[PDB]
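Starting off, we have a lone chain in the form deposited in one PDB entry, written out as structure tokens.
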């Protein structure tokens, strides 16, 4: 077979991640999105779903996507929506998140069991439209929703990411960037590890304390916001830079909850104790009492943030003030979560997650009275009772199950270490105490585990925990239980070594998109090789978002993708105008790219135009200096901006000139070239209009 090949968009249904329960092509032509296509909703709680579509498509395709009456696109809330006809004998769904999409050339009909499911339908629709919907510039092509029949719902109700800002703070705007991609893959839970040995990351005020509580809670963020993970206390490849300091103000935290809610994501706070608790002792003089450790130096009210304290924290398990303080922190987080949900337009019934994570990490024992276990059992007994009296379900890590009998009936273990199927404590929780499990086995879900053998990172769980390790497991089987006992899964972003959103995203992506599939897709509809093939498009969307990602060697679908840009919205400078974008992961430069641009005016013959490729940043793998990771060393190349220089002639025509612009790109690093054809109208030295169809839009 001698000749040439030209790149083509993938089949829309073949792209979908997570893979839906049921997804089939329907008869006839695609639905064409127009600037003024409106959307009808049966209920105001579906406007967040439409907002997610507008946030992308307003920029990428110039769509208003305004709310209207009797629109061709409809979102209907149906609390009885039944997708069980697509659930086989070997399958299991949590129906609250169910949606259906039925589309044809004239109409796009979405039914959603919940407001959350509306957002999931929106995310599916944006994957069907394609991987350029997050373009920061308006594209020349029009957007199409293909004719489909989709019925979908998740296997697991709990599909989460733990973020640790306690080791190293993340500003609100970075958290929003994480939320966008989590929502994109139908993750519904953001677990905030708010407190550690090395930091406390949310403002607690003195409003609404219990009668007689004179604790000055303002000092917690003031003192322990100002500490972070210390590079000097490491002897390894950790960056030379300490963790970022800071904390979310109450107003920032409320915004974080609201933004998460508006993207279908509930907040689950963790205030870890009785161990991993130094920030609480450092922050609040009042907690330095009873059997707390380490103690303040003679004359000081708080213990010093020094290397000797590392690994040696315990709250006072024997002191009333410990539970007073936890109760107040719980009430403050609850108040701010309620305010954030109110600010969102999402229902509290869906977005107020009635769970509190106590952690249950083991305390360091120094003083006498009580062994580690007795003190832990007292702590999780009392702190468990705090969560239950607040109408919530207690979560603890594995270490917490030394207190399995003392935490409330119905409590949850977040499993990360060893074999859950063979763990007597876990099986007692699930079988004897009506408990449930959240699966975060380190080897399948811990992002600091290095994603490749060429990378620098944590090695203990897999050597390298690749997309294969993140994809190829069954959480129900790993837990040795039944579907009904498994809430779901969480990835964990621990920040001992993380100093930037860029360096977090390197570890998070694309492994999070494998966890998303494990959370959502039926066991018997999983196919690692198929998921692997779908990463090429996932990556084009991440580059459009400006999100970093590990270019994993085991992924074989990395590709170059070309999009014609609407030059009507682009400035002509010295005859040069942006007409294309070329997204190819891994480019260390543009010298391996060959562009050809041909302009044919009505009345004229083909004229070669000079092409100026512009790539802001090049691709780099991790960088080390003095045996330590450089912050932001690993970063993705930009999308290439493809400029042409229009002839002086055409730009000096005071009469409108219409022409065809053909651009081709060949890459030395991707063997399938792209060919693009766009019509452009030019008047008074400006591009006035572009179109990629056979006929000029009016």
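Positions refer to the first chain, counted from 1. Here the rigid core means the biggest group of C-alpha atoms that line up within 1.5 Å when the two forms are laid on top of each other.
In this crystal structure, the stretch out of 271-279 and 426-434 whose C-alpha atoms carry the higher mean B factor is 426-434. As the entry records it, the average C-alpha temperature factor is higher for 73-81, out of 124-132 and 73-81. Annotation for 467, 561, 235, 195: 235 ranks highest, by Cα B-factor.
The residue among 163, 403, 337, 178 whose C-alpha carries the highest B-factor in the deposited model is 403. Annotation for residue 144: CA B-factor lies in the middle third of the chain's modelled residues. Residue 592: CA B factor lies in the middle third for its chain, per the PDB record. In the deposited entry, the Cα temperature factor of residue 309 sits in the top third of values across the chain's modelled residues. Annotation for residue 55: CA B-factor lies in the middle third of the chain's modelled residues. When the modelled residues of the chain are ordered by C-alpha B-factor, residue 16 sits in the lowest third.
The discussion below concerns the form deposited in another entry, not included here.
Here the two forms are overlaid on the core, and between this form and the one not shown the C-alpha of 368 is the only one among 627, 368, 208, 212 to shift by 2 Å or more.
The pair residue 365 and residue 495 is at least 3 angstroms closer at the CA level in that other deposited form than in the present model.
Distance between the C-alpha atoms of residue 7 and residue 125: longer in that other deposited form than here (change of 3 Å or more).
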